[PDB]
Every structure is written in structure tokens, then in C-alpha cells.
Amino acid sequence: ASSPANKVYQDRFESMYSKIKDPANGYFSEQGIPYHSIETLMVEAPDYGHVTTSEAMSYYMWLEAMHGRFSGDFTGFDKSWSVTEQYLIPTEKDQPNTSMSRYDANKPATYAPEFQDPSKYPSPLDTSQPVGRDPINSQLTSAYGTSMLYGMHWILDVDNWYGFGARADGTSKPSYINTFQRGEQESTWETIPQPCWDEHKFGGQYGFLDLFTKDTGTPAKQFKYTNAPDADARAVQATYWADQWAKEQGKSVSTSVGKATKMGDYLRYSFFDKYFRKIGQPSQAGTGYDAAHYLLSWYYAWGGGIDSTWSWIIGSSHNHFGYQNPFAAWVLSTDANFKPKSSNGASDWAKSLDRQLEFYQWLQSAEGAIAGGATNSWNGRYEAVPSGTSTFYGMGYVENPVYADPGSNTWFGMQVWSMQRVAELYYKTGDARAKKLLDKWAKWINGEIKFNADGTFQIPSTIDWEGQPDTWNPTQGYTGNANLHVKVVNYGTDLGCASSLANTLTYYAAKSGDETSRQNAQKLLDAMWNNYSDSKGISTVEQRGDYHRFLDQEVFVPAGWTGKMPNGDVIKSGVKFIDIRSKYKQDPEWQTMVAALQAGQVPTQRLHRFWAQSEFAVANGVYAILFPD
């Protein structure tokens, strides 16, 4: 039998759950897939509101798990996994085993440099540059009997708004697409949306392939998918809780546990350097596990031929603290119900758990906030790490890993999303490393929360950094990083971040007994419920400072390259963001947004992001369970 939960906050979860699942609110497509946001005029990570991400799917799982805890019904949770497997994990038709089975573990892929400006692409493939060996592929094929990978592709065109369709048919939905391809300076506004399955039917002469990679001969028809490790790790985290809550009620989600465990087994590909180069000695090809940094890197990707048999797989050299998940690592390495079928699955995750906690501590600033991360590929070309640059196991410190437009660690959100997982670990195991991290971080954040007399509040929004951490010495440990400082540039009322913060403070308070954290967590939840509730969940008016880029952001296209988007939009040098997305002009909010820009004003919006609504719902549920009285 489940333990008693705080009635007030449980009702708040149930109310939010009803608003999110309400057919009249439009959070989901006809196929049952959650959108990034209800509103369509939306540009953040995705460049259209009805395009979805693996992040959203993992939040959908978390939401349904919590619903199972209070209702006793877990069919909704099992359904979230069914939708995930059907639409976000490439099927046998999307990643033909005929090509995947030709994968060569001794030559995983062909090296191509990364550049600091989109105008430097396409990047030339170089078969003469070293590439290490993949030590886990044999483990996976042996355990699962297939060469296909079981992981979520990160972004999906849910209602086929771009027109690529499924496997080049241009009419089916949902449609697998990808955007980011050209380095740290390619913002969401500077991409050229492309299909994952490229048969050269759309775009240019050879599809969109020669916009990104330059090969010796003619570009072959091929497919390619890209994973978002933090999303897959959250799916494991959510499934663990679903399993625990189901068992407390004599229920079972066995089938879903198996899927999560398999996903976690494949997620290990994010532990490796992009081209399997040795960690700390980037110029040398790895011989196996010496190319594993054991952290959840920015991605792992794979692809292969469509009309010819061949395939490749790559990990990632760039690591961001915001993507780590010590809780998922603990689950996969210690819980017997979640033990990966592969020979080294559980043991690799054990090593990752320890490495991840070292990573967090190394990045903890003098104040308490966690800094960016590190990379094993300086400038994305394995260049020499400048002297004086601090390192972590040979990897150079990087203030804003992977992206600089805007800086990947200038958003407060990464702080709460990641520390929330550390709080769950600390609550479950009382781990000393986790406690030390949280004690300092919590003291920092509790001093940055501002409550107004009218019931509204503010928390850090944009942050900046100065200095770097001291080089990591595993035997020395935390030095305090007196020369690493965080600075809060401005405050805001981001309801998604506030909910994640409340969640984090609740788990921490529950275990540590810190009253300051508990009352702040409750005050945030109450303030949002009482002052920001609407018929669709919660929301507030926010300024969209980058929306001017809709009209004035030029998109780079190589000289002489021309093509067309499915709707006829011409792609050629000189086009702006809007020129290759002309359907945006038919959006109900278009005229309003354009009017604002024409008057020299910053557009404003009231947005209902799926992850934010779910985050708030879950935070209420977590408080109800940990503080029943």
C-alpha cells in the first residue's frame, strides 16, 4: 500500500494532469504525441511549436508515472512508452538492419572537423585521420540480436509541417527531421531543417547532404539519427519511480521496465569520444574503453546507406553538467530490476556514477552554482589545449559546451534540471558526495529567490561566468575553486525553472531537514498555483527578445548551392530565417508579432510549454509525497 500524501498538493497535481490531458487544450496531436508547446509561433531549441523532442516524451513518462502513483492506474504510463517506441525510436524500416549489420566496430566512422562558423561548412571527410575502436557494439548485438540502436531520436515534426513526410513520401506524419549541424555558432535561427531519411527527393541535387559534409565522391542516399542523452536518462529515471510506485500497490509495469533498461544499455554510446579517440590524449586512436569519458555527452548519433549497405556510429567529445544524471546511473548499476542484459552494462554505469559526481564537484563555483563542462576535442578538431586551461581527466574546461549562440550555460534552467537528479540520489542513498554538492548549491540558490508583496516572485534567469575551476586531482578533491565565479545577469519568472527548483529543494529538504529549502519550495508552488493559473495550466507573459531574428537573421548557404523546401521555398545564399519557412506567415500570431517588431517593440507571448506544465505537476506530486503533513 502507498503511503499517505498531502491532500492539498495531490489535488493540485490531479488538476494539472486533467488540464494537460484535456483534449480541448491541445497539448497532444491526434496520434497521442505531445507537442513542444500548445502555441505554434515558437522558437527555442525547436523552431516550431508543434515539433516535439525526446525531452517532451520523457516528461510525458514522468507525468504518467506520477498519475499512476495517485490513481493506481498505470495504463497511461505504459501508453507513453508505446508512443515513444512507435514514433521516436527508429523502427526496422527507419534504420534497416541490412545497413546497420554492416557496421564495422574497428572503424566506427570517418573523421570530419567541426568549425566555429557555419560559413565553413560543408566539412570535409578525411579518411586518413585516426578513429578508435567501439568496444560495446559486440556486447549489444549479442544481447539483443540486432544491429539497430534502441534510443530516441531527439526531434520530430509531429504534424509534418515541413512536408518531408515519412521516409521521403512527403505526406505521412510524424516526420523524422534534424536541424543543428553546423557548429557552436549555428543558433536555432541559422539552421536548414532537413529530413533524417534523405533520398535526395527534397532540397538540392543530393538532398541536404552536401550542405554539411563534403565527400570525395557523390553523396549517397542515407539516413541519420541523433540522440539527446539527457532525455533518454530521464526516461530511465521516470520508469524507476513508476516501477517503485506500481509495486507499492501490487501493480506492475514490467514491460516498460524492460524497454527502459534496454534504452539505458544503448545510452552508453554517449560515454565515448566522438571518434573514439583516447580521453586526455586526443591525437591517438582509442583501443576500446580508453576512449570512454563515462559522462553523458551531448549526443551519440548513427546512420547508414539507404540504397547501399554501410553504417556508422559516433559518440560526443563535449560534456555539459546539465546533461548528467547520477540517479539514472545509480538505478542501472545497482537495481536488479534494471540490470542491462549486456555483459558490461551495469558495471559501465557504476563507473559513470562515480565519474559524474566527480564532474559536478570539479565544476562547482566558489558561490555554489555549477559551471559548464569539458571537452576531449578542443575546437572540435582535437587541437592542442591552450596552456593554463584547467582540465578534468585530460579534458579541457569549457564555459559554454557545444553552443555559443546563446551560451549553453547562460540559462539558469540547466542548474535545476541537473541538480534535481542529484537531489533524488541524495534522498535515496544519502550519498555524501551528493550531500556536499547540494549543501553549497542550495545555500546559493536560496539566497537568490525573491518574493514580492503582491505574491509574484523572481529567480535567476540569465547567468554569466568568470574564471575557471582548478585542475581536477581525484585524490585532492574539491579545492573550493576560489577563482570560479557565477554572476546573475537578470531575474525572471520562468515557471518551468521555478517548478524544477521547487522539486530539487523538496527532495533535498526531505533528506537534509533544511527548513529554509522546504519553505521556499512550498512558497514557489503556492505562488505559481495562486497567481499564475489559467484554464490550460499555468503561464505568464514573457518577452521574446530574439524574435527579431525571424526577419533579419541571414541563413548561410554555400556558394552555387540551390534547392527547394517541400513547399517550394527556394534555398539559396541570402535567404532569411522566414524565407525557408514561409508557412509561418499563416500562423494566427504572425501579424501580431510582426506588428510589434515594426513598432520597435519586443514581442511578448503567453506560452504553455509541455515540459513546464508537466514539471509543475510533478513538483506538486513530489511535495505531496515527501511532506504529507
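Note that residue numbering follows the sequence shown and begins at 1.
Novice: According to the deposited model, is the average Cα temperature factor higher in 473-481 or in 369-377?
Specialist: Mean CA B-factor is higher for 473-481.
Novice: What stretch has the higher average Cα B-factor here, 262-270 or 161-169?
Specialist: Taking the mean C-alpha B-factor of 262-270 and of 161-169, the larger value falls to 161-169.
Novice: In terms of CA temperature factor as recorded, identify the highest of 46, 566, 574, 34.
Specialist: Across 46, 566, 574, 34, the entry lists the biggest C-alpha B-factor for 574.
Novice: Highest CA temperature factor in the entry: which of 195, 135, 113, 545?
Specialist: Each of 195, 135, 113, 545 was compared by C-alpha B-factor; the highest is 545.
Novice: Within this chain, which third does the Cα B-factor at residue 562 fall in: lowest, middle or highest?
Specialist: Top third by C-alpha B-factor.
Novice: Going by the entry, which third of its chain does the Cα temperature factor of residue 511 land in?
Specialist: Answer is highest: the recorded C-alpha B-factor places it there.
Novice: For the chain shown, is the CA B-factor of residue 66 in the lowest, middle or highest third of its modelled residues?
Specialist: Within its chain, residue 66 is a middle-third residue by C-alpha B-factor, going by the deposited values.
Novice: Lowest, middle or highest third of the chain for the C-alpha temperature factor of residue 225?
Specialist: For residue 225, the deposited C-alpha B-factor lands in the lowest third.
Novice: Based on the entry's values, in what third of the chain does the Cα temperature factor of residue 453 lie: lowest, middle or highest?
Specialist: Tercile = highest for this residue's CA B-factor.
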